[PDB]
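Student: First, the structure itself, so that you have it in front of you.
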Amino acid sequence: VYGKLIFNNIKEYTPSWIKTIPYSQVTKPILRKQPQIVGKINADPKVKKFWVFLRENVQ
Amino acid sequence: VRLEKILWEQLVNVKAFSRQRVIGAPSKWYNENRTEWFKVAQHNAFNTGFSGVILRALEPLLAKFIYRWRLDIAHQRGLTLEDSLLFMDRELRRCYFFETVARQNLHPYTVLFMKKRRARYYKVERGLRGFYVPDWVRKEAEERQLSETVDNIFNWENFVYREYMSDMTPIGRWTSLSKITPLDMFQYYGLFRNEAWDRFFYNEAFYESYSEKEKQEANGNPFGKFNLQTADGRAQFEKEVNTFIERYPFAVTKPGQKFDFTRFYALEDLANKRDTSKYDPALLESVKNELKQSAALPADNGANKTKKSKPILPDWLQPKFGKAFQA
Amino acid sequence: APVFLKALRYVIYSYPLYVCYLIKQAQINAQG
Amino acid sequence: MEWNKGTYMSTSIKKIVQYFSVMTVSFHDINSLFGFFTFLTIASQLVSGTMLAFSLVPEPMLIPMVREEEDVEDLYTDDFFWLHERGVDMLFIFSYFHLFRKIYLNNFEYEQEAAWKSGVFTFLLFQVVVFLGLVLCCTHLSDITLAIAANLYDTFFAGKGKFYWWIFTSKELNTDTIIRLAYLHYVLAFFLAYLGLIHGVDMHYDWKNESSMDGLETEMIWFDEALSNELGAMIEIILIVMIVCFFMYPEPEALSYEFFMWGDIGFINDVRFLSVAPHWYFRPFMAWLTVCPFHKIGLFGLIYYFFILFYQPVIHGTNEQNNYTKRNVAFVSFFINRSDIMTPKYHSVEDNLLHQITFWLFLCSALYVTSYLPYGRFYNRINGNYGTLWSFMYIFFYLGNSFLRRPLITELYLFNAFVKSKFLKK
Amino acid sequence: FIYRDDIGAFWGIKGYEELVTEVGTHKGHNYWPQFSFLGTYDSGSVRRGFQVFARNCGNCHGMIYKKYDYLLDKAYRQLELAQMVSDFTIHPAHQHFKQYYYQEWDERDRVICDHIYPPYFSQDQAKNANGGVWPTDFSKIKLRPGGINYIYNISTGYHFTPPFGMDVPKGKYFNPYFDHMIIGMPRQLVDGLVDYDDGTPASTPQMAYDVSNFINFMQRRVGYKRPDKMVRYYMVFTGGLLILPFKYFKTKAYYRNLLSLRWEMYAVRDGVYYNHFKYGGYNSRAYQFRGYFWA
Amino acid sequence: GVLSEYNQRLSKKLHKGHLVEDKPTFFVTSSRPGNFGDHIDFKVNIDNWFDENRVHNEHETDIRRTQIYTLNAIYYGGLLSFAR
Ligand SMILES: CCCCCCCCCCCCCCCCCC(=O)OC[C@H](COP(=O)([O-])OCC(O)COP(=O)([O-])OC[C@@H](COC(=O)CCCCCCCCCCCCCCCCC)OC(=O)CCCCCCCCCCCCCCCCC)OC(=O)CCCCCCCCCCCCCCCCC
Ligand SMILES: CCCCCCCCCCCCCCCCCC(=O)OC[C@H](COP(=O)([O-])OCC(O)COP(=O)([O-])OC[C@@H](COC(=O)CCCCCCCCCCCCCCCCC)OC(=O)CCCCCCCCCCCCCCCCC)OC(=O)CCCCCCCCCCCCCCCCC
Ligand SMILES: CCCCCCCCCCCCCCCCCC(=O)OC[C@H](COP(=O)([O-])OCC[N+](C)(C)C)OC(=O)CCCCCCCCCCCCCCCCC
Ligand SMILES: CCCCCCCCCCCCCCCCCC(=O)OC[C@H](COP(=O)([O-])OCC[N+](C)(C)C)OC(=O)CCCCCCCCCCCCCCCCC
Ligand SMILES: COC1=C(OC)C(=O)C(C/C=C(\C)CC/C=C(\C)CC/C=C(/C)CC/C=C(/C)CC/C=C(/C)CC/C=C(\C)CC/C=C(\C)CCC=C(C)C)=C(C)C1=O
Ligand SMILES: CCCCCCCC/C=C/CCCCCCCC(=O)OC[C@H](COP(=O)(O)OCCN)OC(=O)CCCCCCC/C=C/CCCCCCCC
Ligand SMILES: CCCCCCCC/C=C\CCCCCCCC(=O)OC[C@H](COP(=O)(O)OCCN)OC(=O)CCCCCCC/C=C\CCCCCCCC
Ligand code: HEC
Ligand code: HEM
Ligand code: HEM
């Protein structure tokens, strides 16, 4: 879809005629912690303690 | 034994039947371009004879279930016909001959983009089946028409023939595989091939070939010898082109728009000796500039380059800063 | 184009129809 | 043997262990796993079958009584016999589904040859093994199967001599024949595992989930990521088959093809010829035999089916010549004005409707051929079922003719469109 | 694919157009406890069936493959079965494989370990004593039309009369369920023939039902082992259904998790050339291509 | 609740059942090698599953790892029961 076939006569890996987007368009990261997606059962501190116990005693 | 002078050769292959072997100048194997053969065969099949009549009657079905079917499937995945017709899936996946040709000649991008276009869709398809490409990708997919894709296909096929397929000479061969299976072990290649038995020598003249008249006819107007210098001929050509445009939604024009016949007539007149002032100067200038740009080969400008890395050993692998007078 | 290869193709296409013809004749004979 | 250049992969134990612990599998679906289901089932046949080896005494006059007494006194013997019997059917189903899947994908190209032939050979051997197994049942079905096999074998020699005696002693199931056939059955069953291992090693060269080439480079690790999925898919297919069998096969049934297995050789000398029927997997071959009463033509039909199934890559796929091969034609030569034709290229799968139509016609014809028994008591006397005849003819044509699987018009029309579009847009 | 019922072949299975095959299975539903859902053999039914088979049948038929001790855990106990079977005798000529184990030179009372042999020494003696037709061996008799229903139908279906054009030879009887509807067995079941130990009324339908149940109990795939295997199939199917979600988690959701990738293609315009693409790459099967292809 | 997930998820903006971006998106890494230039105009990603496919539990990751191990253990236990 891009265009004509280009052979190895083009030395550069990225030909000049291609388009490079500016820095404005590129989306920026959201460098903040977001709320955890956790269900009711696993949000129970007792269940968390059970998970830790299983991890550090049998796993 | 000599295959020539065998009993069959002595009896049947004789001057009386015009079956004699004629020795001429040595010539390369694969002397006929496959693309040219297909073009001439297509013209003979579709635009001549009862076969032409039948294939013209069935044209709506072929367009519906072959062209539009493929185009719809490709658009669903954000791909164009170029993604399948230019390089077959098999060639992109595993074929070694195409791999060698691409490595020796092609630029990495030509195949990199082809693979990444499918990677886009398939990364999601494998995760969740039934993926439909959104409109923003579909639009850029639909931007490219079939004219440029066929230009690329013809260029690639002609290049492959002229460079590599024109530099081959097949030989009698056994099973290439090293399998101990007797079925595969005793496979015999070289017989039951028409090329093997038609000509025993590289000097023998080629008996069968499309006549120059057939080639010239195939190079004529694809829509059936319309007179572009007459009003009735122009009207017939226009109706034929309009029905073709309707049949092929994304071949030469977007489905919404319509074909511009004045520019095409200007192109044809400029290509041929015929010329006059009946064409607007702006139209002539635009046509000439577009014709120049279409065949122009893109070239690198050598600008907007990134710094070349010159790595140096880390500090902990280098001598410490302090140094005094030894002795 | 070779005579024997062309003949091989013709017999490949035709032999199934020849066997169908033989089967039909056998059915007619078995009918009585 | 300088003509032999070596082997693809050395089957040393360490090399096999490393290859399988490092092998990666691209993301796939259930349809592209039948091959594994074909192997795992074999891995059970070697086990279950072995448990039957310690039970069966090759004496024809004791096999039925021994089986019946071991069903009661011994435990799990009848369970393993049932497992073996149903494993044969499941193996046939999986192998034929795998064959159809690989035919649909146009896996006849040169890079597929090692994968294809190495597979088909195994399939061929599998058939032979199955045949031997039947003879071990010592039922009237085994008697008929052995008689037919001996007749076909003798047809090669034109009925002169006794070249069949070394294995088919007297063309009857006796102690010698049963012993030899049972031991050969065991040996070839265990050889099938090695053949399947070789095929599996070879096929990985160009293994793909679908015809369309996804540009994915990352892959799963076979040992657990792909193995777990394969085992789960096997479980799912077993569940589906059990559900189907529950409705289709109620235990008390008015009639069944298994009733012909009532007779035990030696105990009953009277064979009910009116109701003769094999197991469904060998049903199509006997149906072909009854459809074509001629012995030589029927034998040639069976041999042609198997061998043409073996040589698909050579006949249909691309080779040394990059689609420049000259295919012979019958009628289109006049239309194109050319004695031969260049092999067409755009033989895609997913977007090609002609390929799908032809392949599904072929598959439906095979299913119809396997559907029922022609019942040759008056099948030929009456005008025979035209469906079986047409399906057999189409099976023969599809396997051997490139115009059904690589039609010319697909690329001719595309080139017509290309020329028209380029002319319009220059 | 679509079959015809008026032909006389069930589901398209030819070869049984000269007898009734769909009486109690397809066109009728005769209830049998064993084949019912979560069904099991009725111990009383099999007990009565063995009692009938040991007083009317057996004197003509037998099961060479089977032996009495099959009935130890369901129908009879060891001492009771021994008492019942001690009333019969086996000569050393009966044994299919006399072997060195059987060291008798005369008749002796049977034991539960003895195979079920008829009073005759061989098939030919039975044919001679039964008008030249051999009473079929009930072992493996499951492979008859209607399955367990077969024994029940023939035992009962004697009331109908032959149509015109069919001649019943002397010593033969008309039974529509038998091959060609002519059977050499005279009607055996008559009301009051057998006095049961449990006091059950003795009528020909009840006796036929008990005999059919007993005859089916001795089969291998069907019979005393089928119900437990059916329960086992149910259990395994339940296990597969319950394991499907964990397979989904371990395979498909996992693949979807692995496919959550981010890709970024940048413009690298350093002077370095792409030599590795131009001069690189390997093929495992190169030895199969070298000297053979593309030259 | 147990079934609340289905009810809450029903209110989603997804293209024909697939969660995809509504416009082209391009992501760059500031820690890339210097010889890399700007992002190519090619839209490599159609979907943003890298961010969407997240349970924001960077803390407490080991608990999720143990959960995954437990699910694998259940699957393997069923298979091993059949093998037994
Ligand atoms: C007029 C009479 C007509 C009779 C007709 C009927 C009988 C016909 C067959 C007769 C016997 C020949 C069989 C040939 C092979 C099978 C057929 C075929 O086309 O091959 C398919 C298949 C094609 O392979 P491929 O696709 O090319 O893949 C790569 C190759 O396999 C490359 O392989 P590789 O180089 O990696 O070597 C592999 C080799 C590694 O080698 C070694 O490490 C040692 C090799 C030397 C062993 C020395 C000891 C000899 C005694 C023990 C033999 C054990 C192995 C089995 C040998 C085969 C025969 C039993 O083996 C293994 O890795 C392990 C093997 C697996 C173990 C279990 C095997 C059981 C076989 C039982 C069936 C036998 C075939 C019956 C076929 C019937 C028709 C369908 O070939 C094999 O599977 C080869 C198997 C190994 C053969 C070893 C050498 C055999 C030499 C035979 C000499 C002539 C003997 C004549 C008398 C026979 C009396 C019985
Ligand atoms: C009511 C419904 C009943 C249904 C019954 C079921 C059967 C009927 C057909 C069912 C549907 C089709 C199933 C099979 C095909 C599936 C699709 C497919 O593969 O197509 C792609 C395939 C593409 O082929 P290709 O890629 O061009 O071939 C490459 C080469 O040409 C290489 O190919 P080639 O050039 O070599 O020729 C290929 C093909 C022919 O195909 C072609 O025509 C090739 C070109 C196809 C492209 C399009 C061409 C368009 C122009 C053709 C015009 C032909 C004239 C007809 C004009 C009609 C309009 C006026 O020829 C053959 O393979 C068979 C020839 C056998 C010769 C037998 C001679 C034996 C002589 C010796 C006998 C010895 C024994 C007896 C001795 C007795 C002594 C007394 O085309 C076909 O298969 C053609 C058929 C298209 C679909 C069927 C159309 C209907 C035809 C039958 C109508 C019957 C009506 C009955 C009415 C009854 C009322 C009561
Ligand atoms: C399978 C049984 C094998 C039996 C082997 C017994 C040996 C027989 C030969 C004895 C000596 C007589 C030799 C005569 C001269 C032969 C010369 C010749 O042709 O050279 C060959 C050449 C010779 O080897 P070479 O070319 O390396 O020789 C180099 C020169 N010398 C020997 C001097 C160093 O090699 C071949 O082509 C070998 C062909 C072997 C074919 C084996 C086919 C077996 C098929 C079995 C059945 C398959 C069933 C498949 C499954 C079916 C399922 C339905
Ligand atoms: C509104 C209603 C909604 C509900 C609709 C429900 C529809 C459900 C549909 C489910 C799928 C149905 C399956 C369709 C196909 C049935 C096929 C069939 O009849 O199979 C019967 C058999 C069933 O066994 P069977 O023994 O019961 O056979 C049928 C029995 N009679 C005849 C009585 C009807 O199918 C199988 O088990 C086969 C499965 C694997 C087949 C693999 C292909 C083999 C092909 C070999 C070809 C060999 C060619 C070479 C020969 C040599 C010469 C050329
Ligand atoms: C390349 O592509 C391919 C694939 O991908 C699609 C495939 O899937 C495939 C298919 C793959 C296959 C069929 C392979 C899968 C095989 C299967 C499922 C069956 C075999 C599986 C096995 C695990 C075999 C194990 C064999 C054994 C002998 C070990 C037995 C197992 C266990 C757990 C016991 C281990 C322990 C012991 C032996 C020791 C026990 C005793 C002691 C400790 C006591 C010792 C002390 C004293 C005193 C005795 C192929 C071939 C392929 O090519
Ligand atoms: C154990 C052995 C048992 C007996 C085996 C007997 C085998 C008998 C084989 C008979 C073959 C009959 C056909 C031969 C035709 C040969 C014709 C020929 O060479 O003439 C050339 C002519 C070409 O000329 P034209 O193109 O027409 O001229 C162009 C002019 N501008 O050739 C052809 O067309 C032939 C093409 C097909 C050839 C097929 C050959 C098949 C060979 C198979 C293998 C045979 C092996 C036999 C020994 C086996 C031992 C185990
Ligand atoms: C429906 C058929 C199957 C489908 C086929 C579709 C594709 C067709 C492609 C074209 C195939 C062309 C094949 C042409 C020949 C076919 C011959 C054939 O099949 O046999 C038929 C034909 C006649 O058969 P009938 O049963 O009489 O039929 C009734 C006639 N009124 O058979 C023959 O005549 C064949 C004779 C061949 C004899 C060859 C010589 C054999 C001599 C003995 C050899 C012993 C070798 C021993 C080797 C020992 C080594 C240690
Ligand atoms: C001797 C008087 C017999 C008694 C007592 C019983 N049967 Fe019999 N049976 C006898 C003969 C000679 C035959 C063969 C008839 C023929 O035409 O071949 C039979 C056959 C049967 C059959 C059918 C066998 C078959 O292969 O289809 C059945 C189902 C059968 N007999 C059942 C049966 C029962 C239940 C009996 C006790 C009530 C019984 N038979 C007693 C001779 C004699
Ligand atoms: C006993 C019979 C067979 C067994 C045990 C078997 C086994 C396998 C296995 C395990 C695989 C890899 C998993 C997968 O299928 O995706 C495979 C792939 C494959 N098999 Fe088989 N198979 C058998 C028959 C066949 C047949 C009949 C053919 C062809 C007619 C064949 C050709 C192939 C091909 C082409 C592939 C994939 C290679 C590719 O995609 O290029 N096999 N087989
Ligand atoms: C792929 C491998 C195998 C296949 C395809 C196969 C196939 C068969 C078939 C079709 C039958 C008869 C079917 C029936 O009864 O309806 C059978 C039975 C039998 N098989 Fe196998 N088999 C295989 C492996 C084995 C092995 C390895 C052994 C022994 C080591 C074995 C031993 C037996 C025995 C003894 C019988 C008969 C049992 C009896 O009659 O009681 N099988 N097999």
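Chain labels follow the order of the structure tokens: the first chain is A, the next B, and so on; residue numbering restarts at 1 in every chain, and ligands are counted from 1 in their shown order.
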Which residues are near ligand 4 in this structure, taking near to mean any atom at most 6 Å from a ligand atom and counting only C-alpha atoms and all ligand atoms? Format them as a PyMOL selection string.
Tutor: (chain D and resi 93+96+280+284-285+288+301-302+305+366-368+370-372+392+395) or (chain E and resi 11-13)
Student: The selected residues should be written to file as a compact mmCIF listing (two decimals), in the first residue's frame (atoms: N, CA and C atoms).
Tutor:
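Wrote result-v1.txt, looks like this:
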```txt
# COMPACT_ATOMS: atom_id res chain seq x y z
N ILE D 93 -10.33 -41.01 12.06
CA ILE D 93 -10.99 -39.71 11.98
C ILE D 93 -9.96 -38.59 12.00
N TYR D 96 -7.80 -38.51 8.72
CA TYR D 96 -8.49 -37.99 7.55
C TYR D 96 -8.80 -36.51 7.69
N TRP D 280 -16.40 -48.89 9.31
CA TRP D 280 -16.66 -47.73 8.45
C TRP D 280 -15.40 -47.26 7.73
N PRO D 284 -15.34 -47.54 2.44
CA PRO D 284 -15.24 -47.00 1.07
C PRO D 284 -14.53 -47.93 0.11
N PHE D 285 -13.54 -48.70 0.58
CA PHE D 285 -12.81 -49.59 -0.33
C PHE D 285 -13.69 -50.73 -0.81
N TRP D 288 -16.13 -49.35 -3.28
CA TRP D 288 -15.52 -49.24 -4.60
C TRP D 288 -15.44 -50.60 -5.28
N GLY D 301 -7.80 -48.98 -9.04
CA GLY D 301 -8.40 -47.82 -8.41
C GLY D 301 -7.88 -47.60 -7.00
N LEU D 302 -7.80 -48.67 -6.22
CA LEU D 302 -7.27 -48.54 -4.86
C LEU D 302 -5.81 -48.08 -4.89
N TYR D 305 -5.60 -44.45 -5.93
CA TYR D 305 -5.98 -43.55 -4.85
C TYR D 305 -4.83 -43.36 -3.88
N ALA D 366 -16.20 -37.64 -0.57
CA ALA D 366 -15.58 -38.66 0.28
C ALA D 366 -16.53 -39.10 1.38
N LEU D 367 -17.19 -38.14 2.04
CA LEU D 367 -18.12 -38.50 3.11
C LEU D 367 -19.27 -39.34 2.57
N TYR D 368 -19.81 -38.97 1.41
CA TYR D 368 -20.90 -39.75 0.82
C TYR D 368 -20.44 -41.16 0.49
N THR D 370 -18.21 -42.83 2.02
CA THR D 370 -18.12 -43.54 3.29
C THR D 370 -19.46 -43.66 4.01
N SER D 371 -20.53 -43.10 3.45
CA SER D 371 -21.80 -43.04 4.18
C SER D 371 -22.42 -44.42 4.37
N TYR D 372 -22.51 -45.22 3.30
CA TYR D 372 -23.32 -46.43 3.32
C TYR D 372 -22.64 -47.55 2.53
N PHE D 392 -16.93 -41.18 -6.59
CA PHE D 392 -15.67 -41.85 -6.88
C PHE D 392 -14.96 -41.20 -8.05
N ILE D 395 -13.50 -37.95 -6.86
CA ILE D 395 -12.34 -38.20 -6.02
C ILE D 395 -11.12 -38.48 -6.88
N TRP E 11 -32.05 -47.45 9.30
CA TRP E 11 -31.04 -46.42 9.13
C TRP E 11 -30.16 -46.66 7.91
N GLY E 12 -30.64 -47.45 6.95
CA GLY E 12 -29.87 -47.74 5.76
C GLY E 12 -28.96 -48.94 5.85
N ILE E 13 -29.19 -49.83 6.80
CA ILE E 13 -28.37 -51.03 6.98
C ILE E 13 -29.12 -52.18 6.32
```
Student: Give the residues close to ligand 7, within 8 Å, counting only C-alpha atoms and all ligand atoms; write them as a PyMOL selection string.
Tutor: (chain C and resi 8+11-16+19-20+22) or (chain D and resi 156-158+292+294-302+304-305+393+396-397+400)
Student: Using only C-alpha atoms, determine which residues of chain B fall within 12 Å of chain C; present them as a PyMOL selection string.
Tutor: chain B and resi 8-9+12-13+19+191-199+207-208
Student: Could you write out that same residue set with N, CA, C and O atoms as a compact mmCIF listing (two decimals), in the first residue's frame?
Tutor:
```txt
# COMPACT_ATOMS: atom_id res chain seq x y z
N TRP B 8 11.15 -43.59 -33.46
CA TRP B 8 10.07 -42.61 -33.56
C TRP B 8 10.55 -41.33 -34.23
O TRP B 8 9.84 -40.75 -35.06
N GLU B 9 11.75 -40.87 -33.89
CA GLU B 9 12.30 -39.68 -34.52
C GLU B 9 12.50 -39.89 -36.01
O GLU B 9 12.21 -39.00 -36.82
N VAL B 12 8.42 -40.50 -37.62
CA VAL B 12 7.41 -39.45 -37.56
C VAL B 12 8.04 -38.07 -37.77
O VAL B 12 7.56 -37.27 -38.57
N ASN B 13 9.12 -37.78 -37.05
CA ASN B 13 9.76 -36.46 -37.12
C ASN B 13 10.52 -36.36 -38.44
O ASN B 13 11.74 -36.48 -38.51
N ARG B 19 7.61 -32.10 -39.21
CA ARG B 19 7.98 -32.43 -37.84
C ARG B 19 9.49 -32.48 -37.65
O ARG B 19 9.96 -32.88 -36.58
N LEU B 191 11.42 -36.46 -17.59
CA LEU B 191 10.44 -36.96 -18.54
C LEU B 191 9.04 -36.52 -18.11
O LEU B 191 8.82 -36.09 -16.97
N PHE B 192 8.10 -36.63 -19.04
CA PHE B 192 6.74 -36.12 -18.90
C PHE B 192 6.70 -34.60 -18.83
O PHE B 192 5.66 -34.03 -18.47
N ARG B 193 7.80 -33.93 -19.16
CA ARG B 193 7.83 -32.48 -19.29
C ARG B 193 7.85 -32.13 -20.77
O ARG B 193 8.68 -32.65 -21.52
N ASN B 194 6.94 -31.25 -21.18
CA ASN B 194 6.88 -30.87 -22.59
C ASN B 194 8.17 -30.22 -23.05
O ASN B 194 8.65 -30.48 -24.16
N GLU B 195 8.75 -29.36 -22.21
CA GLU B 195 9.98 -28.67 -22.60
C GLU B 195 11.12 -29.66 -22.81
O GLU B 195 11.96 -29.47 -23.69
N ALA B 196 11.16 -30.72 -22.00
CA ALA B 196 12.25 -31.69 -22.10
C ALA B 196 12.27 -32.38 -23.46
O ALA B 196 13.34 -32.60 -24.04
N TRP B 197 11.09 -32.73 -23.98
CA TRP B 197 11.00 -33.51 -25.21
C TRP B 197 10.81 -32.66 -26.46
O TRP B 197 11.14 -33.13 -27.56
N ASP B 198 10.29 -31.44 -26.34
CA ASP B 198 10.10 -30.61 -27.53
C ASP B 198 11.43 -30.28 -28.19
O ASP B 198 11.55 -30.33 -29.42
N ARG B 199 12.44 -29.93 -27.40
CA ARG B 199 13.75 -29.54 -27.92
C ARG B 199 14.83 -30.31 -27.18
O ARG B 199 14.96 -30.18 -25.96
N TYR B 207 9.56 -23.94 -31.97
CA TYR B 207 8.54 -24.22 -32.97
C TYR B 207 7.25 -23.45 -32.69
O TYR B 207 6.64 -22.89 -33.61
N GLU B 208 6.83 -23.40 -31.43
CA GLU B 208 5.58 -22.77 -31.04
C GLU B 208 5.86 -21.43 -30.36
O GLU B 208 6.71 -21.35 -29.47
```
Student: Can you tell me which residues come within 8 Å of ligand 5 when counting only C-alpha atoms and all ligand atoms, ideally as a compact mmCIF listing (two decimals) with N, CA, C and O atoms, in the first residue's frame?
Tutor:
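Final output, selection.txt:
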```
# COMPACT_ATOMS: atom_id res chain seq x y z
N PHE D 20 13.24 -30.77 21.12
CA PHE D 20 11.89 -30.63 21.65
C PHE D 20 11.82 -29.72 22.87
O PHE D 20 10.76 -29.15 23.14
N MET D 23 12.03 -26.27 20.93
CA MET D 23 11.09 -26.02 19.85
C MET D 23 10.07 -24.96 20.25
O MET D 23 9.62 -24.91 21.40
N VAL D 25 6.34 -22.99 18.90
CA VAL D 25 5.14 -23.18 18.09
C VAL D 25 4.44 -21.83 17.94
O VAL D 25 4.17 -21.16 18.94
N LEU D 33 -4.29 -28.79 14.69
CA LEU D 33 -3.71 -29.66 15.69
C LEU D 33 -4.07 -31.13 15.50
O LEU D 33 -3.60 -31.97 16.27
N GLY D 35 -2.99 -33.32 13.69
CA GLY D 35 -1.81 -34.17 13.61
C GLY D 35 -1.37 -34.65 14.97
O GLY D 35 -1.10 -35.84 15.17
N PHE D 36 -1.31 -33.74 15.95
CA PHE D 36 -0.97 -34.15 17.30
C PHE D 36 -1.98 -35.17 17.82
O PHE D 36 -1.61 -36.17 18.43
N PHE D 39 -1.09 -38.42 16.65
CA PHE D 39 0.07 -39.04 17.30
C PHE D 39 -0.29 -39.54 18.69
O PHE D 39 -0.01 -40.70 19.03
N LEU D 40 -0.91 -38.69 19.51
CA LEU D 40 -1.22 -39.09 20.88
C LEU D 40 -2.06 -40.36 20.90
O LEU D 40 -1.80 -41.27 21.69
N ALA D 43 0.07 -43.15 20.45
CA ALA D 43 0.79 -43.40 21.69
C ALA D 43 -0.03 -44.23 22.67
O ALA D 43 0.54 -44.89 23.54
N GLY D 196 6.05 -41.73 12.55
CA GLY D 196 5.41 -40.49 12.96
C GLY D 196 6.37 -39.50 13.56
O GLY D 196 6.24 -38.29 13.35
N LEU D 197 7.36 -39.98 14.32
CA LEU D 197 8.37 -39.08 14.86
C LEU D 197 9.16 -38.42 13.74
O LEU D 197 9.42 -37.21 13.77
N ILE D 198 9.55 -39.19 12.72
CA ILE D 198 10.28 -38.63 11.59
C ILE D 198 9.41 -37.59 10.88
O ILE D 198 9.89 -36.50 10.52
N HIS D 199 8.14 -37.91 10.66
CA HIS D 199 7.25 -36.97 10.00
C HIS D 199 7.10 -35.68 10.81
O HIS D 199 7.10 -34.58 10.25
N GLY D 200 6.95 -35.81 12.13
CA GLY D 200 6.81 -34.63 12.96
C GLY D 200 8.05 -33.76 12.96
O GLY D 200 7.97 -32.53 12.96
N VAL D 201 9.23 -34.39 12.96
CA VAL D 201 10.46 -33.62 12.87
C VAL D 201 10.54 -32.89 11.53
O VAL D 201 10.93 -31.72 11.46
N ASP D 202 10.17 -33.58 10.44
CA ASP D 202 10.30 -32.97 9.12
C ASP D 202 9.31 -31.84 8.90
O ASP D 202 9.64 -30.82 8.29
N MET D 203 8.07 -32.00 9.39
CA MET D 203 7.01 -31.05 9.06
C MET D 203 7.23 -29.67 9.67
O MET D 203 6.67 -28.69 9.16
N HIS D 204 8.02 -29.57 10.74
CA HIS D 204 8.19 -28.29 11.41
C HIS D 204 8.86 -27.25 10.52
O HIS D 204 8.81 -26.06 10.85
N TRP D 222 6.99 -25.10 23.14
CA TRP D 222 6.16 -26.27 22.91
C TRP D 222 5.87 -27.03 24.20
O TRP D 222 4.75 -27.51 24.40
N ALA D 226 2.28 -24.99 24.29
CA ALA D 226 1.60 -25.65 23.18
C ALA D 226 1.10 -27.04 23.58
O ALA D 226 0.03 -27.46 23.13
N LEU D 227 1.86 -27.76 24.40
CA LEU D 227 1.46 -29.10 24.80
C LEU D 227 0.16 -29.07 25.59
O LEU D 227 -0.73 -29.91 25.38
N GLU D 230 -2.70 -28.46 23.22
CA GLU D 230 -2.98 -29.64 22.42
C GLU D 230 -3.73 -30.69 23.23
O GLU D 230 -4.70 -31.28 22.75
```
Student: Enumerate residues in contact with ligand 2: an atom-to-atom distance of at most 6 Å, counting only C-alpha atoms and all ligand atoms. Format the result as a list in words.
Tutor: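 So the residues close to ligand 2 are residues 51 and 54 of chain B; 13, 14, 17 and 18 of chain C; 329, 330, 331, 332, 358, 403, 404, 407, 408 and 409 of chain D.
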Student: Skipping near chain neighbours, those fewer than 6 positions away, what residues fall within 12 Å of residue 95 in chain B using only C-alpha atoms, listed as a list in words?
Tutor: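 Contacts, in chain order: residues 87, 88, 89, 101 and 102 of chain B; 109, 110, 111, 112, 205, 206, 213, 318, 319, 320 and 322 of chain D; 283, 285, 286 and 289 of chain E.
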Student: So which residues touch range 36-38 of chain F within 9 Å, counting only C-alpha atoms, skipping near sequence neighbours fewer than 4 positions away, as an MDAnalysis selection string?
Tutor: (chainID A and resid 20:23) or (chainID B and resid 304:307) or (chainID E and resid 265:270) or (chainID F and resid 28 32)
Student: Can you work out the spacing between CA of residue 114 in chain E and CA of residue 79 in chain E in Å, to one decimal?
Tutor: 14.9 Å
